[PDB]
Amino acid sequence: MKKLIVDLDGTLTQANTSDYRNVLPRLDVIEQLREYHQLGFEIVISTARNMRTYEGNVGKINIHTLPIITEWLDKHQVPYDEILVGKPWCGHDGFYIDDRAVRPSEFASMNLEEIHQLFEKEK
Amino acid sequence: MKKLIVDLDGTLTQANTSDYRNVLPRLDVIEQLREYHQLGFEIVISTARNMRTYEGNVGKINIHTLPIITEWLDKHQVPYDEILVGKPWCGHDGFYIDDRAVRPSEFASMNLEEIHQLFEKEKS
Amino acid sequence: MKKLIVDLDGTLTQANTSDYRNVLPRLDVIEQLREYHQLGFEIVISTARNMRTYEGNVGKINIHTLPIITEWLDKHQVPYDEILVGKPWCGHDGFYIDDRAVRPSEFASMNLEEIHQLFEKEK
Amino acid sequence: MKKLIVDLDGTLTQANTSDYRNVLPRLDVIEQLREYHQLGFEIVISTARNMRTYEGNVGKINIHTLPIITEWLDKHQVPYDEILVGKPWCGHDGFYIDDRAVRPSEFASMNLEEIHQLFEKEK
Ligand SMILES: [Hg+2]
Ligand SMILES: [Hg+2]
Ligand SMILES: [Hg+2]
Ligand SMILES: [Hg+2]
């Protein structure tokens, strides 16, 4: 069992507009997801989207946010096995620290061998 | 409002042993957490620990896992404002993809300006 | 701030069929919900639907369960401010124990004073 | 598989003081939990405790709330297999509506048979 846990905004999107319905896709990143799906990886979209607007209220995110996510994922033929909302929002200046984390430009640029290598170096 | 969201196993720990009580600290990473706390950043420990063992049951994780995490964090003087369990487990071969993610070796060796640069280069 | 936390199956529905899209509404209970909404109560639909099927995987409930919940709620004109999925599944013989809990027939048949009296007895 | 989903304050406790560490147990309710535990019922303590104080922030509840819940459950010899926090807070006048819900003094006074009877009247 192997999953990719994939952020939505800025990772699968170009984050060019506040209108989530019409945000531009990052095509190279999405195409890489497809190749990983072919390799047996499950794809989990995990996102903090609208955690700021609703002050962490998942009950509201489930109503106003989820529909537009799925609609957008479908329109751009992004493969996904799961969607998860309510991810902790780091804030404007915040960020995530993780030994198994890659940035979307590294994911698009590297094969599995050399992603494995990035991680082994940490260990 | 600014937060670091920090993984536990492999980021704050050297992952040298299955005994979580007695696992060795990554001292350079923790020391960097202290400097960021000084800058006004809130520290959130977020972990998938025991998601495999309990098959996703946070009801059990709350009982068996949380006490040992806090005890360990306290023992090693790790600053934290929040703990969050129930992070999605990626499996042995899985990983996270995120435009705001840094690995613990990058976090330990770069300043804020430098981290900011990694991210800005992602936007074009 | 005052909230009704409302179960879905067997409370807002008659639980007459496993086909959630076409399941019959409990009209009296829904209408009482309309009154409480007018009185300033936030309405939170909380449900364990498809927890059994997906074995607690909300990643999948978000994809396959949520759309049908909202479509149904919308067509039967149920007031709601929040939907919450991922509620613990009690199993067939299991149940819920809460000092502030009413069953749908009690809610349908009593007024606010009466319900408060039901709880004041508990104290 | 069969589960009791049990609320904490006012159900397992007498809710006589805001000092959770020294709050009185409802001995009859706890003793009934033990009998259900003997019959093969899993016991899930589920609670909104400290959701008001921390404004829904589970990251804080895990730190300041869980240890005290656990020490108290252990002290009063309460059987449990799971603790769930972060349950939605109904507010002062709010309440829960569920077709499988019993109040803690219905649980205390009835046996399994009549509790099932209590539910088949709703069905
Ligand atoms: Hg951020
Ligand atoms: Hg992994
Ligand atoms: Hg049940
Ligand atoms: Hg309440």
Side-chain angles (χ1 to χ4, degrees), chain A residues 2-12 26 29 32-33 36 41 44 46 48 87-91 93-123, chain B residues 2-16 23-37 39 41-49 51 73 76 78-80 84 87-123:
Chain A
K2 55 193 155 122
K3 308 209 247 214
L4 253 34
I5 317 308
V6 187
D7 193 32
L8 178 58
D9 300 306
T11 296
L12 264 33
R26 295 184 63 171
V29 168
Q32 193 82 104
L33 244 38
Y36 273 78
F41 286 78
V44 175
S46 193
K87 195 199 174 161
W89 161 237
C90 60
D93 290 337
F95 59 93
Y96 302 87
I97 307 160
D98 192 328
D99 70 339
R100 309 276 299 178
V102 307
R103 294 184 286 281
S105 74
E106 302 174 295
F107 173 66
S109 236
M110 287 166 201
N111 60 41
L112 221 240
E113 197 195 294
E114 52 205 86
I115 280 163
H116 272 1
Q117 283 156 221
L118 228 52
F119 298 156
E120 263 285 277
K121 165 236 198 45
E122 286 281 337
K123 220 128 201 197
Chain B
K2 52 175 119 105
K3 286 197 241 226
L4 301 184
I5 315 300
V6 190
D7 189 39
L8 173 59
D9 299 301
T11 287
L12 269 20
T13 87
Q14 295 181 22
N16 56 303
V23 85
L24 293 176
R26 288 195 73 172
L27 295 165
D28 57 348
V29 168
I30 302 177
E31 186 63 28
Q32 194 82 303
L33 227 42
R34 289 208 191 96
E35 297 240 40
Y36 277 76
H37 186 104
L39 253 19
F41 283 83
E42 297 166 45
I43 313 288
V44 176
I45 316 295
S46 205
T47 171
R49 184 184 288 177
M51 289 252 101
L73 293 160
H76 295 294
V78 190
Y80 63 95
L84 290 184
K87 198 202 185 164
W89 170 231
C90 57
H92 187 331
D93 300 327
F95 55 93
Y96 302 80
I97 306 162
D98 200 319
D99 73 339
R100 303 300 306 259
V102 307
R103 301 180 281 286
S105 65
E106 300 174 303
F107 174 67
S109 66
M110 298 169 195
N111 60 49
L112 224 218
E113 193 185 319
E114 281 165 54
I115 302 289
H116 268 179
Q117 270 145 26
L118 277 182
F119 297 154
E120 268 275 89
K121 98 141 213 126
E122 270 297 329
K123 254 175 220 126

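Side chains included, hydrogens not; waters and symmetry mates left out as well; all remaining heavy atoms used. In what follows, chains are A, B, ... by sequence order, proteins preceding strands, each numbered from 1.
Between B:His116 and B:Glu113 the shortest side-chain heavy-atom distance does not fall below 4.5 Å. A 4.5 Å side-chain heavy-atom check between A:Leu4 and A:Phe107 finds at least one atom pair inside the cut-off. Contact check for A:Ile97 versus B:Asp7: no side-chain heavy atoms found under the 4.5 Å cut-off. You'll find the side chain of A:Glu120 stays beyond 4.5 Å of the side chain of A:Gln117, heavy atoms only. By the 4.5 Å heavy-atom criterion applied to side chains, A:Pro104 and A:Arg26 are counted as neighbours. Counting heavy atoms from C-beta outward, A:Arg103 and B:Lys121 have side chains that stay 4.5 Å or more apart. Side-chain contact between B:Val6 and B:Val78 is absent, with no heavy-atom pair separated by less than 4.5 Å.
Distance alone, capped at 3.5 Å, is enough to place a donor-acceptor pair between the B:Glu122 side chain and the A:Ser105 backbone. A donor-acceptor contact shorter than 3.5 Å links the side chain of B:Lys2 to the backbone of B:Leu39. Proximity of a side-chain donor or acceptor of B:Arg34 to a complementary backbone N or O of B:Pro79 within less than 3.5 Å is not detected. With B:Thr13 contributing its side chain and B:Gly10 its backbone, the two residues share a donor-acceptor pair below 3.5 Å. Judged by distance alone, with hydrogens and angles left aside, the side-chain atoms of B:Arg49 form no donor-acceptor pair with the main-chain N or O of B:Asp9 at under 3.5 Å.
Going from atom CE of A:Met110 over to atom CG of A:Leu118 covers 5.5 Å, rounded to the nearest 0.5 Å. Note that CD of B:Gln14 and CG of B:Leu24 are 5.0 Å apart. Values are rounded to the nearest 0.5 Å. Rounded to the nearest 0.5 angstrom, A:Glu106 CD and A:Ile115 CD1 are separated by 8.0 Å. Distance OG/A:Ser109 to CD/A:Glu114: 8.0 Å, rounded to 0.5 Å. With rounding to the nearest 0.5 Å, the separation of CG in A:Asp93 from CZ in B:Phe41 is 6.0 Å. Between the CG atom in B:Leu73 and the CD1 atom in B:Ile43 there is a gap of 11.5 Å [rounded to 0.5 Å].
A salt bridge is defined here as a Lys NZ or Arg NE, NH1 or NH2 lying under 4.0 Å from an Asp or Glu carboxylate O, and A:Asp98 with B:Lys87 meets this definition.
Heavy atoms only, all atoms of each residue included: A:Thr11 and A:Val29 are closest at O-CG1, 3.5 Å.
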**OP:** Test side-chain contact (heavy atoms from CB on, under 4.5 Å) on A:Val102 and A:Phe119 and set out the steps.
**Re:** CA-CA 9 Å; A:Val102 307; A:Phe119 298 156; 3.6 Å; yes

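Separation of the B:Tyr96 and A:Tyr96 ring centroids does not fall under the 6.0 Å cut-off.
No more than 12 heavy atoms of other residues, nucleotides or ligands sit less than 6.0 Å from atom NE2 of B:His37.
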